[PDB]
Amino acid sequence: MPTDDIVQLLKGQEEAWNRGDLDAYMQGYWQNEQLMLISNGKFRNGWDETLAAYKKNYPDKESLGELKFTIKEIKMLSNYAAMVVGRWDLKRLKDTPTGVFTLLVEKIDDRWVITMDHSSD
């Protein structure tokens, strides 16, 4: 079932993040210059650029912190596209940042990948 595959995609990302593997984490995202990440106030695009940004921001794997997603809803839009709405939580040394996310996931090459990710706090 697609919802199960979509759930596993996000579970895999939590697990990769939580073992400090940015390369594995990035496998949840569409590997394309069109990949669109939206933050609180800005747009950025591209998978290479996004991977580079995480490496820049987290030179030490211990700095990633512990990630958990709480999925509020998965809505199938077609056999090839779904929207995923949830909260994210990070447990850090001196804080516990929280926020929300909304994702478009699409079936590309028989795999579900995140093609647009709007995360805010």
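The numbering used is simple: start at 1 and walk along the sequence shown.
- With 51-59 and 83-91 compared on mean CA B-factor from the PDB entry, the stretch scoring higher is 51-59.
- Once the C-alpha B-factors are averaged per stretch, 17-25 and 98-106 rank with 17-25 first.
- Reading the B-factor column for the CA atoms of 38, 35, 77, 71 in the entry, the top value corresponds to 71.
- Ranked by Cα temperature factor within the chain, residue 1 sits in the highest third according to the deposited record.
- In the PDB entry, residue 120 places in the middle third of its chain by CA B-factor.
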